[PDB]
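For the sequence shown, the working numbering begins at 3 and goes up steadily by one. Just so you know, even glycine gets a beta-carbon here, dropped at the ideal spot from N, CA and C.
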Amino acid sequence: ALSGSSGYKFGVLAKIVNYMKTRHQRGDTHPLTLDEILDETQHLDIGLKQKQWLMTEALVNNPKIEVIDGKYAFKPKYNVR
Numbered sequence: 003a004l005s006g007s008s009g010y011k012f013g014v015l016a017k018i019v020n021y022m023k024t025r026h027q028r029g030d031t032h033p034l035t036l037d038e039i040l041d042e043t044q045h046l047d048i049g050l051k052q053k054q055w056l057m058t059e060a061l062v063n064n065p066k067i068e069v070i071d072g073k074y075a076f077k078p079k080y081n082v083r
């Protein structure tokens, strides 16, 4: 839906994946807690439903994410080689 394409879930997740990637690309490949990610992505408000979704679905089944010590890291595709 148009009202969904804006960023009702996908936009938020896309910005998170992008941020995590770029950060992991720079050097900070280390894991980050949920809230730590929200801050930089500017999604601290987000919504309990959205945060929950990210915590159990997105940052759990997304191939570009790696769950470590409860926190969430970025999973490299195949290494830049």
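Self-check item: Burial state of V69 (16 or more Cβ within 10 Å)
Solution: Counted from its first residue, the sequence shown places residue 69 at position 67. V69 comes out exposed.
Practice problem: Identify whether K73 lies in helix, strand or coil by the three-state DSSP scheme. | Solution: Position 71 of the sequence shown, counting from 1, holds the residue named residue 73. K73 falls in the strand class under three-state DSSP.
Quiz item: If you draw a straight line from the alpha carbon of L15 to that of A60, how long is it in whole angstroms?
Solution: Numbered from its first residue, the sequence shown carries residue 15 at position 13. Numbered from its first residue, the sequence shown carries residue 60 at position 58. The alpha-carbon atoms of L15 and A60 are separated by roughly 7 Å.
Quiz item: For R25, which option in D71, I67, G72 and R83 has the closest C-alpha, if you only look at C-alpha atoms?
Solution: Sequence index remark: in the sequence shown, residue 25 carries index 23 (1-based). With distances taken between Cα atoms, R25 lies closest to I67.
Self-check item: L40 - DSSP class collapsed to helix/strand/coil
Solution: Position 38 of the sequence shown holds residue 40. Here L40 sits in helix by DSSP.
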